[PDB]
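Only one chain is given next, in structure tokens, and it is the form deposited in one PDB entry.
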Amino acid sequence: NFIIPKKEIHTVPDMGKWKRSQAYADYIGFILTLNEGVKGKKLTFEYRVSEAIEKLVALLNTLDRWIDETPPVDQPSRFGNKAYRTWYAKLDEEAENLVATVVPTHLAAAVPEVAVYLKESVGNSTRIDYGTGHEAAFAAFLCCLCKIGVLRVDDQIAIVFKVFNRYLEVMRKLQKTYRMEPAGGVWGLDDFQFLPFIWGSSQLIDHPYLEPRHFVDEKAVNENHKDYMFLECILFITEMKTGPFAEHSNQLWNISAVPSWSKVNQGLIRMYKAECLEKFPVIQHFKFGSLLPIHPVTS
């Protein structure tokens, strides 16, 4: 009994319903499960690559190709590029077809529900913006695939190191190519993302030589970014922004003074709960169906 996911958090008082929901419990449990899975490992870790993972990468490559086929247009506005709406319309019409390439035929009934999260994972057409809510929708998308058994426990490392990693590459391409606005202050973690800082800091726990203080060292980032998701995010920032790190990324600057990656990871998880998952402007757009339901969490 699959259900097309719909919005359920309509006003601020509804946040209580969200925090008590099955969806919330399942979502954060998924994030933390992937977090444990990647602990201490480099991106070059030798993991299983299942058929489903390959199809998910192919899916992202299709989105990538569409960007190439949909160049920015000349326009007066100094914010988001209107060609994004052309790209999004293609994804909007093709999302179910794309998801059907990943989901086995006997689970075709789940495709429309799962596809909704894909449609919510790539930014907002109207505002031409992207935020942690879209990133969360992608995690939700992957969570749904685990729930219906398309992705298995053995795929959890590949989910982060291969699929989510590729997703971030495509999102960065969207953000740069279409000049997308951040959807969301001096204490904001990042313009666009959050999850890669959590899973990335997990990779670096008990690292033999890299400490959090090293991520504001351009040399350290340049020499190590290929192995570490956290450092790849920093590299993106230092390419997108000018001047002293403390000026353009104050929250991350202060995080570099945390003595251990272990505490960075713990703190980022607390920040994620408070600044993403308990933030009404983000959660109001979360969609709930059968796989991630709004009903109170079961015991």
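Start at 1 with the first residue shown and count on from there. Shifts are known only where both forms have a C-alpha. In this text, the rigid core denotes the largest set of C-alpha atoms whose superposition between the two forms falls within 1.5 Å.
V186 is a gap in at least a third of the other entries compared, counting only those with both neighbours built.
According to the record, no deposited residue between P212 and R213 is left without atomic coordinates.
The stretch 234-242 shows the higher mean C-alpha B-factor when 234-242 is compared against 269-277 in the entry. Look at the mean CA B-factor for 133-141 and for 185-193 in the entry; the higher one is 185-193. In the deposited coordinates, the residue among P208, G200, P112, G123 with the greatest CA B-factor is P208. Between the residues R65, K42, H248, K263, it is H248 that shows the highest Cα B-factor in the PDB record. Compared with the other modelled residues of the chain, the Cα B-factor recorded for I157 ranks in the lowest third. Sort the modelled residues of the chain by CA B factor and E93 lands in the middle third.
For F79, the recorded CA B-factor ranks within the highest third of the chain. Only modelled residues enter the ranking. Among the modelled residues of its chain, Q284 has a C-alpha B-factor that falls in the highest third according to the deposited record. Sorting the modelled residues of the chain by their CA temperature factor places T70 in the middle third.
Keep in mind the form solved in complex with a partner chain is missing from the figure; the text below concerns it.
Annotated contact segment (heavy atom within 4.5 Å of its partner chain in the bound PDB entry): 189-197, selected among 107-115, 189-197, 158-166, 205-213. Screening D68, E247, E51, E46 for any heavy atom within 4.5 Å of its partner chain in the bound PDB entry leaves a single hit, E247. Contact annotation: of the candidates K173, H225, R127, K90, the single residue with a non-hydrogen atom within 4.5 angstroms of its partner chain in the bound PDB entry is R127. In the bound PDB entry, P182 approaches its partner chain with a heavy atom inside 4.5 Å. When contacts are judged by a 4.5 Å heavy atom cut-off, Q284 counts as touching its partner chain in the bound PDB entry.
Contact annotation: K42 falls outside 4.5 Å of its partner chain in the bound PDB entry, judged by heavy atom distances. Not displayed here, its partner chain is approached by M240 to within 4.5 Å at the level of heavy atoms in the bound PDB entry. Heavy atoms of no residue among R20, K55 and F288 are located within 4.5 Å of its partner chain in the bound PDB entry.
Comparing the two forms between the shown form and the other one on the rigid core, the single residue of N97, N222, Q75, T126 with a CA shift of 2 Å or greater is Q75. After superposition on the rigid core, the sole stretch of at least three consecutive residues with Cα shifts of 2 Å or more between the shown form and the other one is 75-78.
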